[PDB]
């Protein structure tokens, strides 16, 4: 009973880009995805996105979450909305029309837009907003009942109408049946040759139908990004929105102007975020965490009490009270247990570090399992790749792998094992063993007399 049409065919010429406008990112995700999530979060079931030539990247990114309709020619917004008729023309209920270049639109406003429309039994409802400098925008003229009288564009406005501060956002809610009926009645008798969607509204008005106006108190949210300066203004607007939310929810953010937290991040209370931190994707941070300065964390889970210092973390999990960094990298599939230590200049990839394990410096752990409380010395490497395949390394619990050791996978090191520093280990090592593979020392005294 609720549908949505997202306009994504814009060339965005001022972007000076080879990519479609709505694919440029804010807070780590394309603008069209922000709109999609606000639309879906508002209660819309079916979504159609209008695309242009060479829109594989748009369809590729949005995937199955949207239907698609192709606009071969740019003949205006009314024309673009009509291309969705294949999917929606015979549907009943509410349909909202939004542009994919308005990434700050909130689901709250779309919800209320739809509720206002439905509770009024309107044929169409305009999302409006009040701005300080209205120059250039279509002005809402209200009738005596508070409903829409007309949208006066500035090019055809008397001096009185020009003083109106309430403007059209270009976001509308329609009776779906009416919308597609009136779309066939729009003409392009103008200098651009285009079919303009607001014309539908005048058509409903000249038919005695109800056209409502709903005004949002947040004019920032209807921002339309047309160039990369505006793109950066959208980032700053989203930054302030999100950071204010987290601070009032119990997260300390030392410098919110320099801290970048995407919209799908959840952060528990009493957590401290230091300056420059960048947290994006679907990330969950527990209570009492410290994320240290200039870290980057994407699509990860960080449990309570953990400390991440100037590190890079992607698609990883970090258990309770675990310490990572400074200058460490957790790559996809890194899984650290509780009370683990991953020190400076350590890289972890597709590896499971059990509780209490310590990898304190200058090591690489890949395709590997490190048992509880095991110590991995400085300079040690899981040698996992042979130029053809990747092979697994297993280290048991309470073991001590010395410094500058190479574990040549596939290989298994038992529990309570000591591997001497400097050893290249090719053979499995049983529990409670000493393993050594290095030359003994020759000292040539006075060789340099």
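Positions refer to the first chain, counted from 1.
Averaged over Cα atoms, the B-factor as recorded in the entry is higher for 113-121 than for the other of 248-256 and 113-121. Of the two segments, 220-228 and 279-287, the one listed with the higher mean B-factor is 220-228 (C-alpha atoms only). For the set 207, 355, 367, 264, the PDB entry puts the maximum C-alpha B factor at 207. The top Cα temperature factor in the record, among 88, 334, 306, 98, falls on 88. Per-chain ranking of the deposited C-alpha B factor places residue 410 in the middle third. Sort the chain's modelled residues by C-alpha temperature factor and residue 128 lands in the middle third, per the entry. Sorting the modelled residues of the chain by their CA temperature factor places residue 196 in the highest third.
For residue 151, the recorded CA B-factor ranks within the highest third of the chain. Only modelled residues enter the ranking. Remark: residue 173 belongs to the middle third of its chain, ranked by C-alpha B-factor as recorded.
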